[PDB]
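Q:
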Amino acid sequence: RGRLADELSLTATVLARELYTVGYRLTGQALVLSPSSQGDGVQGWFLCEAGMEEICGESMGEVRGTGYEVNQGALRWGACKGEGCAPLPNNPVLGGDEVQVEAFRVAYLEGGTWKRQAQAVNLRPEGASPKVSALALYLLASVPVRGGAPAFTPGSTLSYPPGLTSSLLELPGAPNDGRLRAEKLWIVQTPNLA
Amino acid sequence: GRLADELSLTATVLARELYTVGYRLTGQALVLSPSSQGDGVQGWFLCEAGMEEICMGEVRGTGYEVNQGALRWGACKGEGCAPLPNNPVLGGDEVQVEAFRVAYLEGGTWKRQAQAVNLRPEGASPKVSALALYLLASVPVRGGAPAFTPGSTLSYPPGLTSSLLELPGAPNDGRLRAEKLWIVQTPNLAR
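Respectively, the protein sequence lines represent chains A and B.
Residue numbers 3 to 196, in the numbering used here, belong to the letters of the first sequence in order.
Residue numbers 95 to 285, in the numbering used here, belong to the letters of the second sequence in order.
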């Protein structure tokens with residue numbers, strides 16, 4: 003609980019709902035993961051079925067894309083239509099003001115091993131390549147608080163699934179600036195990529 | 095602003111959920127319960143595998159209302175289940191949610207009144223094309239903020255008004271206030 007924790011929970015509900023659908027009834031490129039020291043990027047595509055997803059409203063039987071990235075302390079989102087469309091991530095989700103997003107990490111689970119590396123998933127009639135069963139997403143954010151907060155250790159509040167470690171996620175340190183910090187790790191199943 | 099961003103995130107969560115109300119459902123799909131003191135909405139839909147994590151071939155319910163300065167959500171499983179709102183979405187502490195309102199669009203006319211939507215194989219009764227949702231929230235801010243007028247920042251569609259929504263006043267208590275109006279299309283309730 004806490005205002006910032008509640009905002010991170012909202013953010014996770016938005017991203018999880020969107021990413022669960024990636025690959026849905028799709029042939030071709032379904033996911034691209036672009037981890038970097040500056041923040042990770044994730045793009046995904048899926049086929050729209052009428053009635054299921056709001057953004058599909060005008061794209062029945064058509065491919066849609068989705069993308070998330072962090073830039074200048076803000077997590078941003080974009081959406082597009084068309085096979086292989088490049089989302090432009092210009093819609094604010096969280097941060098870039100009082101709230102600073104200090105880390106955004108995405109790892110993936112392939113055959114029981116967690117990885118964080120450049121990766122593209124292609125769905126072929128024979129199957130997915132590689133087979134990705136889940137994504138792990140991590141956010142660290144900070145905000146000012148009158149009187150300061152004690153120094154926060156990223157990773158200290160997480161419950162990891164089997165095989166996932168702070169070392170893989172490359173969690174940053176926290177600058178000694180008195181700000182209130184909160185973090186969130188969440189796992190999103192990706193049955194359409196598996 | 096930070097509070098505006100928190101209202102945007104909340105709107106996204108609610109929209110994505112309410113858009114699915116009525117999906118492949120026969121029977122009661124939606125109940126709207128407005129009041130001058132705050133609105134409630136409940137809805138039901140069929141779960142199809144691979145649509146959502148929480149979901150196969152079973153009816154689910156979903157509900158929202160404000161209680162004690164928090165917008166809360168509830169869920170249930172089963173035909174006719176009551177989704178008792180039991181978890182905070184936004185507010186209930188530093189953030190206070192002061193108003194939640196839901197209106198509906200029926201044949202070109204925006205309405206806000208007690209209403210249930212029923213779905214039959216032939217179609218919906220009444221035929222609801224969209225919902226409009228409104229939130230007002232406040233937070234403390236060092237140095238205070240000026241007096242806010244609810245409705246003052248909204249872009250309304252034609253026929254939707256502050257009077258229709260029964261928007262409240264705001265006290266001149268120095269808290270920072272923000273509001274959001276958003277429209278959710280409801281094609282499953284329009285067929």
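Beta carbons are placed, not taken as given, at the ideal position from N, Cα and C, and that holds for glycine.
Given a cut-off of 7 Å, decide if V145 of chain A and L96 of chain A are closer than it, judged by their beta-carbon atoms.
A: Start at 1 with the first residue of the first sequence, and residue 96 of chain A comes out as number 94. Start at 1 with the first residue of the first sequence, and residue 145 of chain A comes out as number 143. In this structure, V145 of chain A does not lie closer than 7 Å to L96 of chain A by Cβ.
Q: Excluding sequence positions up to five away, which residues of its chain have a Cβ less than 6 Å from the Cβ of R107 of chain A?
A: The count along the first sequence starts at 1 and reaches residue 107 of chain A at position 105. Answer for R107 of chain A: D42, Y140 and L171, listed in chain order.
Q: Between which two residues does the beta strand (DSSP E) carrying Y158 of chain B extend?
A: Residue mapping note: residue 158 of chain B aligns to position 64 of the second sequence, counting from 1. Taken as a continuous stretch (DSSP letters only), the beta strand (DSSP E) holding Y158 of chain B covers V153 to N161.
Q: Can you list, in chain order, the stretches of the beta strand (DSSP E) that have 3 or more residues and sit fully within the segment 105-192 of chain A?
A: With a minimum length of 3 residues, the continuous beta strand (DSSP E) runs that stay inside the segment 105-192 of chain A are 115-117, 121-126, 129-131, 134-145 and 182-191.
Q: Closer than 9 Å, Cβ to Cβ, to anything on chain B: give me those residues from the segment 44-55 of chain A, in chain order.
A: The residues in question are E51, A52, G53, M54 and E55.
Q: Among A:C58, A:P132 and A:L77, which one has its Cα closest to the Cα of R96 of chain B?
A: Residue numbering aside, residue 96 of chain B sits at position 2 when the second sequence is read from its first letter. Here the closest residue by C-alpha is A:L77.
Q: Is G25 of chain A helix, strand or coil by DSSP?
A: Within the first sequence, numbered from 1, the residue matching residue 25 of chain A stands at position 23. If DSSP states are grouped into helix, strand and coil, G25 of chain A belongs with coil.
Q: Roughly how many angstroms lie between the CA atoms of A109 of chain B and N73 of chain A, to the nearest whole one?
A: Residue numbering aside, residue 109 of chain B sits at position 15 when the second sequence is read from its first letter. Residue numbering aside, residue 73 of chain A sits at position 71 when the first sequence is read from its first letter. Those two C-alpha atoms are separated by around 26 Å.
Q: Please report the straight-line C-alpha distance between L178 of chain B and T156 of chain B, rounded to a whole angstrom.
A: If you number the second sequence from 1, residue 178 of chain B lands on position 84. If you number the second sequence from 1, residue 156 of chain B lands on position 62. Their backbone Cα atoms lie some 8 Å apart in a straight line.
Q: Using the beta-carbon of each residue, which ones in chain A are nearer than 9 Å to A109 of chain B?
A: Residue numbering aside, residue 109 of chain B sits at position 15 when the second sequence is read from its first letter. Near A109 of chain B (Cβ distances below 9 Å), the residues of chain A are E56.
Q: How do the segment 207-220 of chain B and the segment 186-195 of chain B stand: do at least 3 beta-carbon pairs fall below 8 Å, yes or no?
A: Because the criterion of three Cβ pairs below 8 Å is not met, the segment 207-220 of chain B and the segment 186-195 of chain B do not touch.
Q: So, helix, strand or coil for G43 of chain A, using DSSP?
A: Within the first sequence, numbered from 1, the residue matching residue 43 of chain A stands at position 41. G43 of chain A: strand per DSSP, three-state reduction.
Q: Which of the three DSSP states, helix, strand or coil, is assigned to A105 of chain B?
A: Counted from its first residue, the second sequence places residue 105 of chain B at position 11. Looking at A105 of chain B - three-state DSSP - the assignment turns out to be helix.
Q: Just mark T159 of chain A as buried or exposed, buried being the case when its beta carbon has 16 or more other beta carbons within 10 Å.
A: By 1-based counting over the first sequence, the position of residue 159 of chain A is 157. Flag for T159 of chain A reads exposed.
Q: Hey, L187 of chain A and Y110 of chain A are a contact pair by Cβ (cut 8 Å); roughly how many whole angstroms apart?
A: The count along the first sequence starts at 1 and reaches residue 187 of chain A at position 185. The count along the first sequence starts at 1 and reaches residue 110 of chain A at position 108. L187 of chain A to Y110 of chain A, Cβ: 14 Å. No contact.
Q: Considering only the beta carbon of each residue, do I189 of chain A and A138 of chain A sit closer than 7 Å?
A: One-based indexing of the first sequence puts residue 189 of chain A at position 187. One-based indexing of the first sequence puts residue 138 of chain A at position 136. In contact: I189 of chain A and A138 of chain A (Cβ atoms closer than 7 Å).
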